[PDB]
>>> print(open('start08.csv').read())   # CSV, C-alpha atoms
chain,number,residue,atom,x,y,z
A,1,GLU,CA,112.1,40.2,-79.5
A,2,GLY,CA,109.4,40.8,-82.2
A,3,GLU,CA,110.8,43.1,-84.9
A,4,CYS,CA,111.9,40.5,-87.4
A,5,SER,CA,115.4,39.9,-88.7
A,6,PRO,CA,117.1,39.6,-92.2
A,7,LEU,CA,115.9,36.0,-92.9
A,8,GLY,CA,114.9,34.7,-89.5
A,9,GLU,CA,111.4,35.4,-87.9
A,10,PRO,CA,108.8,32.8,-89.1
A,11,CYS,CA,105.7,33.8,-91.2
A,12,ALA,CA,103.2,32.4,-88.6
A,13,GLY,CA,101.9,35.2,-86.5
A,14,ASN,CA,102.2,38.4,-88.5
A,15,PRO,CA,103.7,41.0,-88.5
A,16,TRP,CA,106.1,38.4,-86.9
A,17,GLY,CA,107.3,37.4,-90.4
A,18,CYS,CA,110.5,38.4,-92.2
A,19,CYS,CA,111.5,42.1,-92.6
A,20,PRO,CA,110.7,43.9,-96.0
A,21,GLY,CA,112.8,42.9,-99.1
A,22,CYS,CA,112.1,39.1,-98.8
A,23,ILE,CA,109.2,36.8,-99.7
A,24,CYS,CA,107.8,33.9,-97.6
A,25,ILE,CA,107.5,30.3,-98.8
A,26,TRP,CA,105.7,28.4,-95.9
A,27,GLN,CA,105.4,25.4,-98.3
A,28,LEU,CA,107.5,23.4,-95.8
A,29,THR,CA,107.9,25.5,-92.6
A,30,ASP,CA,108.2,29.3,-93.2
A,31,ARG,CA,111.5,29.9,-95.2
A,32,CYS,CA,112.0,33.4,-96.5
A,33,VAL,CA,114.0,33.9,-99.8
A,34,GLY,CA,115.4,37.0,-101.5
A,35,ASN,CA,117.8,39.8,-100.6
A,36,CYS,CA,116.9,41.6,-97.3
>>> encode(input="start08.csv", output="C-alpha coordinates")
Amino acid sequence: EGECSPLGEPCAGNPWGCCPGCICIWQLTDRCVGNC
(Lines of atoms letter the chains of each structure in order from A and count residues from 1; the text may use other names and numbers.)
(Lines give C-alpha, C1' and ligand atoms only; values in the text may rest on other atoms or scores of the structure.)
Protein backbone atom coordinates (compact mmCIF):
# COMPACT_ATOMS: atom_id res chain seq x y z
CA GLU A 1 0.00 0.00 0.00
CA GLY A 2 1.29 3.43 -1.01
CA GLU A 3 -1.62 5.86 -1.48
CA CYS A 4 -1.56 7.53 2.01
CA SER A 5 -4.35 7.53 4.61
CA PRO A 6 -6.22 10.21 6.72
CA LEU A 7 -3.38 10.77 9.21
CA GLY A 8 -1.14 7.73 8.84
CA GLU A 9 1.54 7.45 6.08
CA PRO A 10 4.94 9.01 7.25
CA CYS A 11 6.44 12.09 5.53
CA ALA A 12 9.72 10.27 4.72
CA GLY A 13 9.68 9.11 1.10
CA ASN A 14 7.22 11.39 -0.79
CA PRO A 15 4.55 11.18 -2.14
CA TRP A 16 4.38 8.59 0.70
CA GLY A 17 3.25 11.34 3.12
CA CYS A 18 -0.22 12.18 4.44
CA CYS A 19 -3.12 12.78 2.00
CA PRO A 20 -4.17 16.46 1.14
CA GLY A 21 -5.84 18.51 3.89
CA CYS A 22 -3.15 17.88 6.53
CA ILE A 23 0.30 19.36 7.24
CA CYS A 24 3.44 17.49 8.35
CA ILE A 25 5.49 18.18 11.49
CA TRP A 26 8.51 15.77 11.35
CA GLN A 27 9.99 17.63 14.36
CA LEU A 28 9.87 14.33 16.27
CA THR A 29 8.97 11.54 13.83
CA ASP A 30 6.48 12.52 11.01
CA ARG A 31 3.15 13.41 12.72
CA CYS A 32 0.48 15.01 10.51
CA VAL A 33 -2.00 17.46 12.07
CA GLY A 34 -5.15 19.10 10.71
CA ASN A 35 -8.46 17.84 9.30
CA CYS A 36 -8.11 15.30 6.47
>>> residues_around(input="start08.csv", residues="residue A:21", least_positions_apart="6", cutoff="12 Å", atoms="all atoms listed in the file", output="VMD selection string")
chain A and resid 4 to 7 32 to 36
>>> atom_distance(input="start08.csv", atom1="atom CA of residue A:3", atom2="atom CA of residue A:19")
7.8 Å
>>> residues_around(input="start08.csv", residues="residue A:31", least_positions_apart="6", cutoff="9 Å", atoms="all atoms listed in the file", output="mmCIF file with C-alpha atoms, in the frame of the given file")
data_model
loop_
_atom_site.group_PDB
_atom_site.id
_atom_site.type_symbol
_atom_site.label_atom_id
_atom_site.label_comp_id
_atom_site.auth_asym_id
_atom_site.auth_seq_id
_atom_site.Cartn_x
_atom_site.Cartn_y
_atom_site.Cartn_z
ATOM 1 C CA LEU A 7 115.900 36.000 -92.900
ATOM 2 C CA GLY A 8 114.900 34.700 -89.500
ATOM 3 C CA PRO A 10 108.800 32.800 -89.100
ATOM 4 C CA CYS A 11 105.700 33.800 -91.200
ATOM 5 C CA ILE A 23 109.200 36.800 -99.700
ATOM 6 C CA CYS A 24 107.800 33.900 -97.600
ATOM 7 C CA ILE A 25 107.500 30.300 -98.800
#
